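Peer 1: Below you will find the structure I want to go over with you.
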Amino acid sequence: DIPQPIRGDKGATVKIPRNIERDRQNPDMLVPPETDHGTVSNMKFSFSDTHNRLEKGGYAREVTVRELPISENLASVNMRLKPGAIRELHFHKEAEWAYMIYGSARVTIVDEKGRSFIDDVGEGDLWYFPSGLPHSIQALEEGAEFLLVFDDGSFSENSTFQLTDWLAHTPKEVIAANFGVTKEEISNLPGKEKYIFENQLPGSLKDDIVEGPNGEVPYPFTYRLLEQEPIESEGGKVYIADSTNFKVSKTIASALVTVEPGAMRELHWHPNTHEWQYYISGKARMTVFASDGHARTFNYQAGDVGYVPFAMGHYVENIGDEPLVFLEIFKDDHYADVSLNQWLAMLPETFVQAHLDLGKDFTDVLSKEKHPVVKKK
Amino acid sequence: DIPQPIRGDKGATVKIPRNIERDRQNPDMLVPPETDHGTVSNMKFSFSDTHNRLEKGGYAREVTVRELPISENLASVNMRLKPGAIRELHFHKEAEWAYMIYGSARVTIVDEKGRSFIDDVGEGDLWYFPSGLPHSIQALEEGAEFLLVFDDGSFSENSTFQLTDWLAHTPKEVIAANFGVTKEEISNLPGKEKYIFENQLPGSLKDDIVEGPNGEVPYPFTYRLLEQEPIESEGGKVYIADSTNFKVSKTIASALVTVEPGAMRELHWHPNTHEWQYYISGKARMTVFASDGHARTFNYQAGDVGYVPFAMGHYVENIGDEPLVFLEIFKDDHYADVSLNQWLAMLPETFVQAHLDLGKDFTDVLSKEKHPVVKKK
Amino acid sequence: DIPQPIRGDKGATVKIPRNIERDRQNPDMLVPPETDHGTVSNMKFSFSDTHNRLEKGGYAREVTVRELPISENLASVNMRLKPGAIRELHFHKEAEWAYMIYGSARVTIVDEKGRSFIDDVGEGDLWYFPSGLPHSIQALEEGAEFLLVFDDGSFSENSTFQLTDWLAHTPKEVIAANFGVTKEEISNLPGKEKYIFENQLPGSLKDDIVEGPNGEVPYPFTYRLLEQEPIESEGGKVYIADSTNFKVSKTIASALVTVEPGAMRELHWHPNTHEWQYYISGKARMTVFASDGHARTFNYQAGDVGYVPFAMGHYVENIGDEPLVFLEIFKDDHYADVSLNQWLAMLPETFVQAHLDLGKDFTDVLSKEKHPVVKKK
Amino acid sequence: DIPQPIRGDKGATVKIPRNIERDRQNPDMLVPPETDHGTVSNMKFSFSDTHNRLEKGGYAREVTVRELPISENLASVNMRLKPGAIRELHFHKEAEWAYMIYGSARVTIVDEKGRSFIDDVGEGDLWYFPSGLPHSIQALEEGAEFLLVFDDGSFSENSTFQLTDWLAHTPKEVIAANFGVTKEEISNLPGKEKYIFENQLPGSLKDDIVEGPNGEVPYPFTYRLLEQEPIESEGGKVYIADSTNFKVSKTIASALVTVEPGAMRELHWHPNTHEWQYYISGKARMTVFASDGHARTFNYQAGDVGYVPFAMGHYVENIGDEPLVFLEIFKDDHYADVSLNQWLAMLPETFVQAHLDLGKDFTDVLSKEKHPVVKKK
Amino acid sequence: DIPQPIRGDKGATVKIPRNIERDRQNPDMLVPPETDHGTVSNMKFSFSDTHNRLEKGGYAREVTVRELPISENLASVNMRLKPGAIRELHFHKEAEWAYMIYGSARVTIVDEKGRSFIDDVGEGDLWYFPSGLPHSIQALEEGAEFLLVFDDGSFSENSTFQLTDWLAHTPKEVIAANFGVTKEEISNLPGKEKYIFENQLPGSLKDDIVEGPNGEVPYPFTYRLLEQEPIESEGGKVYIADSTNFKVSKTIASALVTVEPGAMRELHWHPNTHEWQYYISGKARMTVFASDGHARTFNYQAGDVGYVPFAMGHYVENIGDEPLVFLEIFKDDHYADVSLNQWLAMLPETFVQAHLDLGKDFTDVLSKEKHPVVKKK
Ligand SMILES: [Mn+2]
Ligand SMILES: [Mn+2]
Ligand SMILES: [Mn+2]
Ligand SMILES: [Mn+2]
Ligand SMILES: [Mn+2]
Ligand SMILES: [Mn+2]
Ligand SMILES: [Mn+2]
Ligand SMILES: [Mn+2]
Ligand SMILES: [Mn+2]
Ligand SMILES: [Mn+2]
C-alpha cells in the first residue's frame with residue numbers, strides 16, 4: 001500500500017508530492033527505530049543513481065567521494081564487459097581490488113621488474129593490482145561483470161593512464177626513437193583512447209602465458225575466495241581475504257558475508273579502520289552507532305554502497321525472504337572485528353551484570369566463541 | 001518492462017542483481033545522451049533517501065552537504081506539522097528561507113531592537129528569517145508542510161538553539177536572577193527540548209499581534225510569491241523573489257518555475273552564483289555543462305534536490321505528462337540569468353553564423369526577448 | 001580553605017599534586033553547575049599566562065589564536081608605555097582597535113591621501129586605525145597602559161612593519177635616491193628596529209598639529225567612549241561604540257559593560273558574529289550555551305580574555321564584592337544583541353506558557369524594554 | 001663577461017654547470033643587496049617560461065597560481081590574435097580585466113538583462129568583463145596582443161565555457177527544442193570547440209551595433225586609460241583606473257606606471273590588498289620588505305609577472321637605459337597607496353628625527369605632496 | 001611581595017588590574033630571560049583551568065587541542081575514581097596510554113581474537129590499550145587517580161563508545177535477536193550511559209581471571225615502570241617505556257623524569273617527534289628554542305601540560321625546593337634524544353672550539369657519556 005512516516009503517536013502523513021517507490025525501499029528511514037538519535041552522515045548510495053558510461057563492449061559507473069562524501073579513502077566502479085571485450089591496458093596511482101560477480105575474464109599485469117602474470121578469474125574470485133602496475137581485463141565467452149574498489153575516494157575511472165592515450169599525446173618522433181622504428185611504421189596508431197572495445201574471444205590461457213628473462217612473479221595477483229573454507233555460524237558464512245592469505249593485497253582487506261533469511265551479521269565493530277560495503281543481493285538494514293548517544297539506521301539492497309566509519313558499532317540484518325550477500329571492505333593490511341557477544345562473554349559475569357542491570361539469566365547466554373552471523377530463534 | 005543500459009551498439013544488459021525501480025526513475029542516467037562526457041560531481045539527491053525524525057506533532061528530514069557534497073553553501077529541511085503543532089521557539093547562525101507547499105502556518109519573529117512580527121503564511125507564500133533572529137512556526141487547521149533552505153551547507157536541524165534547551169542548561173539560580181523570580185517559581189521548566197510538540201489551534205491572527213514600545217519592523221518577513229505577476233512565456237511561468245522585491249531576503253534569491261508538458265526551462269546559465277534546486281512535482285531531466293568538454297545528465301522528480309555549480313550551462317526539460325514545478329535557489333542578493341537564445345540574438349548575425357557554421361535560416365529564429373520557458377513545436 | 005571537586009554525592013577529593021591557587025580562581029570549573037553538559041572549546045585565557053616582551057620604555061604581551069584557538073578572527077595585545085616612551089611608527093595588515101585603561105597617550109596617523117590626524121587619548125577613550133594606515137603611540141606624563149584588538153586572530157605584535165626596520169633592510173643607495181640625499185647624509189640610520197623606546201615628553205598637542213595641502217581627515221580616529229550617555233539599567237551600564245557612532249570603526253564593534261555587585265549581564269545572544277571579551281576588573285562567571293544540550297561555565301577575573309562563538313547563549317554574572325567591568329568586542333560594523341527576556345515579552349503570553357510549562361505568574365514579569373544588566377532581588 | 005656571486009669578501013665563484021644567460025638577467029639575485037635577509041616567497045615569473053597554446057589565428061600562454069603560488073587571487077593570460085581572428089564567444093566565473101599592448105580589437109558583451117555592448121579597443125585601452133557575462137574578441141587589421149587578468153589565481157584559459165563546446169555537449173533534440181528548429185537544421189554544428197579561429201576582418205564598428213528592446217548598458221565595458229591625465233612627477237607618470245572612474249571595474253584596480261631612465265617608483269606600500277605586476281617593457285629591480293627584518297630583492301624585465309603581498313614595503317627602480325613600463329594590479333574596488341616620504345613629511349619633524357637618528361637636514365627634504373615616481377639627482 | 005615586569009632598565013610596573021597569583025606562578029614569563037626572542041606558540045596549559053566532569057564515583061577533566069592548539073597529535077584526561085567505582089566498559093578510535101599517580105585499579109581488555117587480559121595496576125605502573133580494543137577501569141580500596149594520554153589531539157572523553165550507550169541506541173528487537181533472548185528479558189537495560197558509577201569493591205584478582213578457548217594474549221597491556229632500573233645521573237633519574245620494552249605500546253613512547261633540587265634535565269632535543277609533557281609535582285622552567293633566533297621560556301608546576309614541537313631545543317630546570325617529577329610523551333614507537341653535551345664531546349675539540357670561540361678549558365669538560373639530568377655545581 002502507501003507507507004507513511006508514522007510511529008505510534010509520532011509523525012504524520014506526507015502531504016506533498018513524494019517518491020513512493022523510494023519510500024518503499026527505505027522503510028527504516030521513513031520510519032526509523034525510536035532508538036535512533038542525532039545527526040549522522042549519509043552512509044548509503046545506489047549505483048542506479050549514477051551516470052553509466054556506455055561503450056562498444058560494455059559499460060562502467062562509479063560511486064566516489066563526489067557521491068558519498070563520508071567515504072574519503074575508498075571508491076568503486078561497477079564495470080561490465082561483453083564476451084571478448086577488452087578494458088584497455090592502463091594504470092593508475094591507486095591500488096585496485098576486484099570481486100567477480102558474474103562471468104569470467106582474463107587479466108594481465110606486468111610488475112616493476114618486468115615479470116608477467118596472466119590468469120583467468122571466475123565468479124567468486126578476486127584480483128588485486130598494486131599501485132601503478134599496468135594491467136588489462138578481457139571478458140571470456142560469458143562476458144563479465146565485476147566490482148572494482150580503489151584505495152582513494154577521489155578516484156575516477158575516466159582518469160586512468162591508458163596505453164593509447166599516452167601514445168596519442170607523445171610526439172611521433174619520440175615514439176619512433178623510443179622503439180627504434182620510423183614515424184611511418186607507427187602512422188596507424190590511434191589518435192585517442194579506446195577505454196573499452198570489442199574484440200574476438202582469446203584462446204586458451206596456456207597459449208597466452210609469456211615467458212621472460214626475469215622469471216615468475218613471487219606472489220599471484222588473483223585469489224579464489226569462494227574456494228576457501230568460510231567461518232560458518234548458525235545464520236550464514238564469512239569468507240575473508242586480506243594480506244595474511246591473499247599476500248599481495250596489502251592495502252585492501254575484504255570479507256564476503258552471506259546471511260540467511262531470519263539471520264543477521266551480529267553486533268560488532270572494527271578496531272582498525274572504516275568499513276566500505278557493497279550489497280550484491282538481498283535486502284538489509286543496519287544501525288550505525290556513532291558515540292555520544294547518536295545512531296542512525298539505513299536500508300540497503302542489491303546495487304547499494306554502504307559505509308561504517310572507524311570503530312562505529314553496527315549490525316547487518318536480513319529483512320527479506322532471500323539470502324543477503326554483501327562485501328565488507330577495509331583499507332588495511334588485515335581484517336579485524338570485535339564481537340559484542342564475545343567481549344562480554346570474556347568478562348566476569350557479575351561485572352557485566354553491574355553494567356547492564358541484568359542477571360545471570362542474561363550472562364548465561366553469552367558465548368566465548370565468535371559467531372559472525374547469528375540466526376533468530 | 002526491463003530497461004537496459006544499451007544505446008545503439010554501445011552498452012550491454014545488466015547481469016548482476018540490480019535496482020530496477022531506481023533504474024526506471026533514472027532513464028537518462030542508465031542510458032545517458034551520447035553528448036555527455038567526463039567526470040562531473042553528483043548533482044541529485046532524494047529526501048526519500050534520508051532519515052525522518054518523527055515527533056508528536058510532525059516530522060523533519062534534511063539534505064545537507066553530508067548527503068550532497070557539491071552543495072557546500074546551502075542545505076534544506078522538509079518539515080511537516082500537524083494542525084496546531086508547534087516548531088519550538090529557536091534560532092541559529094544561518095539565515096532561513098521557506099516555501100509553503102501545503103497548508104498554512106503562523107510564524108513569529110522578534111528582531112534585535114525588540115520589535116515583533118507575527119503573520120500567517122499559506123500555500124505559495126515565503127518567509128525569510130535573517131541570521132540569529134529567533135522565530136517559531138505553528139501550523140493552522142490544515143496542518144502544514146514546507147521546504148526550508150539555510151545558507152550554510154553544513155547546517156543540521158538537530159543543532160538549533162531552542163528556548164527550552166537553553167533554559168534546561170542554565171543554572172536555576174541564574175534564570176531566577178535574570179527574571180526576578182524565585183527558583184520555586186520556575187521549578188516546572190522542562191528538563192529537555194521540545195523541538196516539535198502538539199498544541200491546540202491558535203485563535204485569529206489579529207488577537208495574537210503584540211504591540212510594543214519599539215514600534216513595527218521596517219520590512220515584513222513574509223512574501224506572497226504566487227500573488228505576483230509571473231514572467232509568462234510559451235511553455236510556463238517564472239515567479240522571482242529576491243532582495244529587490246522581498247526586501248529582507250538579503251542572502252537568498254529564489255524563483256518558482258512551472259513547466260507545462262512538452263516544454264522546457266531554456267538553455268541558460270547564472271553569472272552570479274551556484275543554483276540549488278527542489279523539485280516540488282513532476283519529472284525532469286537536466287544536462288549540466290561543466291566546461292572543457294564535460295557534461296552530465298541527471299533525472300529528477302518530486303522530492304529531489306538538484307544543483308548547478310556557478311555559471312555551468314543547463315536546461316530543465318519536462319519529461320512527463322503533468323506540469324513540472326521546481327524551485328531555483330541562490331545564495332545572493334539578486335536573481336540573474338543569461339539566456340543562450342537572447343545572447344546570440346543580440347550579436348551580429350554573420351558573427352554568430354561564423355561560430356556555429358549555420359546560416360541565416362538559424363539566426364533568423366533568435367529572439368531578443370528572454371523567454372525562460374519555451375514550448376516544443 | 002581547600003576547595004574540592006565535590007557537588008553533593010558527585011565528585012571526589014583531589015589525590016594528586018595540584019594547583020590550589022588556580023582552583024580557587026575557578027570555582028565554577030572545579031565544581032561546575034549540574035546544568036553544564038558536553039564538550040565545549042576553551043573560552044578563557046589569562047594575559048598572566050603569556051610571555052611579556054620587556055623594552056626600555058615599556059612592555060607588550062599578547063593573546064592570539066596560538067593561545068586561544070577558538071578566537072580565529074580577533075587577537076589582542078596588552079601594551080604599557082612609560083612617560084614619554086614611543087611605540088615606533090609602524091603599520092600592519094590588520095585593523096587596530098584600542099581602549100585606554102590607564103594614563104594617556106598621543107597618537108598619529110596619516111591616511112592614503114596624505115592627510116594627518118594627531119590627537120591625545122585619555123582613560124576611557126578609544127582609537128581605531130584602519131588596515132594598513134601608519135601610526136604611532138607616545139605616552140604622556142602619566143605613562144599609559146591600554147588594550148589593543150586586531151581583526152585577525154593570527155596577528156603578532158612582533159610582526160608589524162616598522163619604519164626603521166624597513167629602512168634597515170632597504171639598500172642605502174635606494175633610500176638616498178628616494179629622498180634626493182647622499183648616502184653619507186643617511187649614514188646614521190638605525191641598523192635595527194626600535195619597537196618601543198624612551199623619549200622626552202612631547203609638548204602641547206596644539207603645537208604638534210601638522211597642516212598640509214590635502215586638508216583634514218573626514219572622520220576622527222579617536223572616540224570618547226565614557227563621555228557618551230550609557231544604557232542604564234538596574235544593575236549597571238553599557239557604553240556602545242560601533243560604526244554607527246564611531247564612524248571609522250568599520251570592522252570592530254565594542255561595548256564597555258559595568259556590572260554592580262549582585263548584578264548580571266542578562267541572558268542574551270548576538271545574531272551577527274562572535275564575541276571576544278576582556279575583563280578589566282572584578283570577578284565573573286559565564287555559561288556558554290552551545291546548542292544540542294551542550295553548555296560549559298567559565299570563570300574570569302582581571303586580565304582574562306573570554307569568547308562566545310556566534311549566536312551562543314550566555315550571561316555574565318558578577319560573583320565578587322567589587323564592580324565587574326569588561327569589554328564585548330565584535331568583528332562587525334554594528335553591535336547587536338537579542339535579549340531572552342524581551343524576546344519572550346514580545347510574544348503572546350499563552351504561547352510562551354505552552355513552551356515553558358509555566359503560568360501567568362511568570363509571563364507577567366517579562367519586560368518589553370531591554371535591560372542589558374539586571375540586579376538580583 | 002661572466003658574473004659571479006661575490007660581494008666584497010662574501011660569496012664565491014660558481015663551480016658547477018650554470019645558466020649564465022639567466023644569471024645576467026638577475027644581477028640582484030645572483031648578488032643581492034647586503035640589506036636583504038630571510039626567507040621570502042618567490043615574487044617573479046616569466047611568460048617565456050610557460051607553454052604556449054598555438055592555434056590557427058594566434059596563441060595564448062598563462063601565469064597562474066600553478067606557476068606563481070604566492071598569487072592566489074589573480075592570474076593572467078598573454079593572448080595574441082592575427083588580423084580578423086576571433087577568440088570564440090565564451091564566459092567564465094572570474095571577472096576579466098585587459099590591457100591592449102599592441103594593435104586593436106573589437107569586443108562584444110551581453111549582460112543579464114539582454115543588453116548588448118560592442119566596441120573597438122586600441123593600444124592603451126582597457127576592458128573589464130564582470131563575472132559570468134559572455135564576451136568575444138576579434139582582432140582588427142593590425143592583429144592584437146594583450147594582457148588579460150582574472151580575479152582568481154586558479155583560473156586557466158583552457159577551462160572557459162565556450163559557445164560551441166556547450167552546444168557540442170547538449171543533446172541535439174534539446175538544442176532543437178530550445179530554438180524551435182529541426183535536428184536537421186542544426187546538423188552542421190561543430191563537434192568540438194573552436195577557441196581561436198581565423199576569420200575575415202569585420203566591417204565598420206557602426207555597422208555592427210545591435211539595437212534591442214532592453215536599451216543601452218548603463219556603464220561602458222571599455223576605458224581609454226592613456227587618454228586620461230596622468231599623475232606626473234619628476235621621473236615618470238602614473239595612470240589609474242579603478243571603480244571610481246572605470247565604473248564597471250568593481251573587482252580590479254589598476255595603474256600603468258612609466259619610469260624614465262634614472263628614476264624609480266618611490267618607496268611605498270598598499271594599505272588595501274596584494275599587488276600583482278606585469279612588466280611591459282624595460283628592466284627593473286624591486287626589494288620587497290616583509291616585516292620582522294625580512295627583505296628580498298627581485299629582477300624583472302619585459303614579459304615578467306611580479307607580486308607584492310598585502311602591505312609589504314617596496315619600490316621599483318629602473319636599472320636600464322630605456323623607459324620602464326609596468327602595470328600595478330589589485331583585487332579591490334579602488335587604488336590606494338601610502339608614500340613613505342609623504343607619511344614622514346606629515347609628522348612633527350622632531351618626532352621623525354627621534355626615530356631616524358637624523359637631523360633637520362634630513363626632515364627638511366620631505367615633501368607633503370605625493371610624487372609616485374622620483375628622479376635620481 | 002608584588003612582582004613587576006622589570007628587568008634592569010627594561011619593562012615597567014603594571015598599572016591596570018592584574019592577576020598577582022598567576023604572575024607569581026610565572027616569574028619567567030612576567031620577566032623572561034633576555035635571551036628569549038620572537039613569536040612562539042603557547043606551550044603550557046593547566047588542568048586547573050578546565051571544566052571538571054563530576055559523577056557519582058569520581059571525576060574527569062581534559063586538556064586537548066581545543067585548549068592547547070600546538071598539541072594536534074596528543075590529548076590527555078585527568079581521571080579520578082573512588083574506591084570500587086567503575087569507568088564503564090568502552091572503546092574509542094585512539095590508542096590510550098596511562099600512568100597511575102595515586103592508588104590502584106583493575107583493568108580489563110579483550111582483543112580482536114577474543115582473548116581476555118585482566119590485571120591490577122598500582123602507583124608508578126602503566127597501561128596501553130591499542131586503538132579500538134574495549135576496556136574498563138575499576139578502582140580498588142584506595143581509589144585511584146591517573147593520567148590518560150590519547151594519540152589524537154582532537155579526542156574528548158565525552159565521545160567514547162560506551163557499552164550501555166550503544167545498547168540504548170540499538171532496537172530492542174535487534175539486541176534480542178543478537179543474543180537469542182526475548183525483549184522482555186532485556187527490558188531492564190539502562191536507557192542512557194553510566195560513564196562512571198559507584199560499585200562494591202571487587203574480589204581478589206585471581207578470582208576474576210576469565211579463561212577462554214582462544215588462549216592468552218601474546219603481550220601484556222600493563223607495565224611496571226618504576227620497577228625498572230632507571231638511567232641514573234648526578235641530578236636525577238629517567239625511566240623509559242616504549243615499544244622496545246613495553247611491547248604493546250606501539251604509538252606512545254614515554255619517560256618519567258625526576259630532577260632533584262638544584263638539578264636540571266640537560267640541554268637536548270628529540271630527533272623523532274614532538275614532546276608532550278605532564279608535570280606531576282614540583283616547579284620548573286623550560287626555554288624552547290624554535291630556530292631562526294626564536295626562543296620562549298615557560299613556567300610549569302603540578303597539574304600543568306607542556307609541549308616541545310619536533311626537534312626544538314630545550315632543557316627543564318628545577319626552580320623549587322622539592323623534587324621535580326614530570327612525564328615526557330611521544331607519538332612514536334621509540335624514545336630518542338640527542339644530548340648537546342654528548343654531541344659536542346664526540347667531535348674534534350678544535351672543530352668545536354672554532355664554532356664556539358672558546359678554548360680547551362671548555363672542550364675539556366665535555367662528556368662522551370649521556371647524563372640526562374645534571375646537578376648544579
Ligand atoms: Mn584498473
Ligand atoms: Mn562490519
Ligand atoms: Mn529555524
Ligand atoms: Mn538555472
Ligand atoms: Mn599598531
Ligand atoms: Mn554578549
Ligand atoms: Mn574571457
Ligand atoms: Mn606598489
Ligand atoms: Mn579509554
Ligand atoms: Mn625532551
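Naming scheme: A, B, ... for chains in displayed order of the C-alpha cells; residues 1 onward per chain; ligands 1 onward as shown.
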Which chains and residue numbers are within 7 Å of ligand 8, counting only C-alpha atoms and all ligand atoms, if I want them as JSON, numbers by chain?

Peer 2: {"D": [268, 269, 270, 275, 314, 328]}

Peer 1: Selected residues, N, CA and C atoms, written as a compact mmCIF listing (two decimals), in the first residue's frame, please.

Peer 2:
# COMPACT_ATOMS: atom_id res chain seq x y z
N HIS D 268 56.93 52.82 -1.03
CA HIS D 268 55.51 52.93 -0.72
C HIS D 268 54.98 51.56 -0.32
N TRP D 269 53.74 51.54 0.16
CA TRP D 269 53.01 50.29 0.31
C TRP D 269 51.54 50.52 0.01
N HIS D 270 50.79 49.42 -0.07
CA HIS D 270 49.36 49.49 -0.34
C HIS D 270 48.59 49.02 0.88
N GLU D 275 49.48 43.40 -4.47
CA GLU D 275 49.79 43.94 -5.79
C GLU D 275 50.26 42.82 -6.72
N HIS D 314 57.84 48.45 -0.63
CA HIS D 314 58.54 48.19 -1.88
C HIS D 314 58.81 49.50 -2.64
N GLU D 328 50.47 47.89 -12.23
CA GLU D 328 50.15 47.50 -10.85
C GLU D 328 48.67 47.12 -10.81

Peer 1: Hey, what's within 9 Å of residue D:41 if we count only C-alpha atoms and toss same-chain stuff fewer than 2 positions away? As a ChimeraX atom specification, please?

Peer 2: /D:39,43,69-70,296

Peer 1: Which residues are near ligand 2 - at most 12 Å, using only C-alpha atoms and all ligand atoms? Format: as a PyMOL selection string.

Peer 2: chain A and resi 238+253-257+264-278+286-289+306-317+326-330+335-340+372-373

Peer 1: Restrict the calculation to only C-alpha atoms, then for each residue of chain D with any atom at most 7 Å from an atom of chain B give the closest atom pair and their distance in Å to one decimal, rows by chain and rising residue number, as a tab-separated table.

Peer 2:
residue	atom	partner	partner_atom	distance
D:92	CA	B:311	CA	6.9
D:93	CA	B:311	CA	6.1
D:110	CA	B:343	CA	6.1
D:112	CA	B:338	CA	5.0
D:114	CA	B:342	CA	6.2
D:116	CA	B:346	CA	6.0
D:131	CA	B:271	CA	6.1
D:132	CA	B:271	CA	4.0
D:133	CA	B:271	CA	6.2
D:159	CA	B:292	CA	5.4
D:160	CA	B:291	CA	6.1
D:161	CA	B:291	CA	5.0
D:164	CA	B:356	CA	6.8
D:165	CA	B:293	CA	6.0
D:166	CA	B:289	CA	6.3
D:168	CA	B:35	CA	6.9
D:169	CA	B:35	CA	4.6
D:170	CA	B:35	CA	5.8
D:171	CA	B:35	CA	5.9
D:177	CA	B:376	CA	5.3
D:178	CA	B:266	CA	5.9
D:179	CA	B:365	CA	6.9
D:180	CA	B:377	CA	6.1
D:188	CA	B:357	CA	6.3
D:189	CA	B:356	CA	5.5
D:190	CA	B:356	CA	6.5
D:208	CA	B:348	CA	6.0
D:210	CA	B:346	CA	6.1
D:212	CA	B:368	CA	6.5

Peer 1: Take the selection from the previous step and output its residues with C-alpha atoms, as a PDB file, in the first residue's frame.

Peer 2:
ATOM      1  CA  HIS D  92      33.687  32.110 -17.048  1.00  0.00           C
ATOM      2  CA  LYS D  93      33.201  32.512 -13.304  1.00  0.00           C
ATOM      3  CA  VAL D 110      25.732  40.923 -23.458  1.00  0.00           C
ATOM      4  CA  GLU D 112      21.992  39.615 -17.742  1.00  0.00           C
ATOM      5  CA  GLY D 114      19.957  41.137 -22.579  1.00  0.00           C
ATOM      6  CA  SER D 116      24.464  44.492 -25.911  1.00  0.00           C
ATOM      7  CA  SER D 131      31.832  37.606 -13.678  1.00  0.00           C
ATOM      8  CA  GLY D 132      29.843  35.297 -15.933  1.00  0.00           C
ATOM      9  CA  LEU D 133      28.904  37.761 -18.650  1.00  0.00           C
ATOM     10  CA  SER D 159      38.639  25.965 -18.904  1.00  0.00           C
ATOM     11  CA  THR D 160      36.277  28.660 -20.171  1.00  0.00           C
ATOM     12  CA  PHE D 161      32.661  27.941 -21.170  1.00  0.00           C
ATOM     13  CA  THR D 164      30.385  25.630 -29.480  1.00  0.00           C
ATOM     14  CA  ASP D 165      31.667  23.357 -26.687  1.00  0.00           C
ATOM     15  CA  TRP D 166      28.392  23.806 -24.782  1.00  0.00           C
ATOM     16  CA  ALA D 168      28.546  20.036 -28.788  1.00  0.00           C
ATOM     17  CA  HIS D 169      27.742  18.506 -25.370  1.00  0.00           C
ATOM     18  CA  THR D 170      23.978  19.208 -25.411  1.00  0.00           C
ATOM     19  CA  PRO D 171      21.546  16.635 -26.877  1.00  0.00           C
ATOM     20  CA  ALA D 177      13.533  22.270 -28.899  1.00  0.00           C
ATOM     21  CA  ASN D 178      15.326  25.269 -27.370  1.00  0.00           C
ATOM     22  CA  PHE D 179      15.292  27.251 -30.624  1.00  0.00           C
ATOM     23  CA  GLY D 180      12.207  25.785 -32.322  1.00  0.00           C
ATOM     24  CA  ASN D 188      26.220  21.244 -39.241  1.00  0.00           C
ATOM     25  CA  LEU D 189      27.023  22.454 -35.698  1.00  0.00           C
ATOM     26  CA  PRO D 190      30.706  21.965 -34.772  1.00  0.00           C
ATOM     27  CA  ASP D 208      27.893  46.011 -36.104  1.00  0.00           C
ATOM     28  CA  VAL D 210      22.874  45.747 -32.406  1.00  0.00           C
ATOM     29  CA  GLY D 212      17.350  45.800 -28.835  1.00  0.00           C
TER      30      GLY D 212
END

Peer 1: Do you know which residues are within 9 Å of ligand 3 using only C-alpha atoms and all ligand atoms? Can you write them as a ChimeraX atom specification?

Peer 2: /B:87,89-92,94-97,129,134-137,148,150,157,160

Peer 1: Rounded to one decimal, what separation in Å do you get between atom CA of residue D:147 and atom CA of residue D:82?

Peer 2: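 Atom CA of residue D:82 lies 15.2 Å from atom CA of residue D:147.
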
Peer 1: Determine which residues of stretch 331-372 of chain C DSSP labels as helix (DSSP H, G or I) from the backbone of this structure, then write them out as a PyMOL selection string.

Peer 2: chain C and resi 340-345+349-356+360-363

Peer 1: Any idea what's packed within 9 Å of residue E:282, counting only C-alpha atoms, ignoring anything in its chain fewer than 2 positions away? Could you give it as a list in words?

Peer 2: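 What passes the distance filter is residues 17 of chain C; 279, 280, 284, 300, 301, 302, 318, 319, 320, 321, 322, 323, 324, 325 and 326 of chain E.
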
Peer 1: If we count only C-alpha atoms and set the cut-off at 8 Å, which residues sit around stretch 215-225 of chain A, ignoring sequence neighbours fewer than 5 positions away in its own chain? Please answer as a VMD selection string.

Peer 2: chain A and resid 111 115 to 117 119 121 124 to 129 239 to 241 246 to 248

Peer 1: Could you check how far atom CA of residue C:202 sits from atom CA of residue C:122, in Å to one decimal?

Peer 2: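 These atoms are spaced 15.3 Å apart.
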
Peer 1: Please return, as a ChimeraX atom specification, all residues of stretch 173-351 of chain C that DSSP assigns to strand (DSSP E) on the basis of the backbone.

Peer 2: /C:196-197,222-224,231-233,236-241,253-259,263-269,275-281,283-291,294-301,304-308,313-318,324-330,338-339
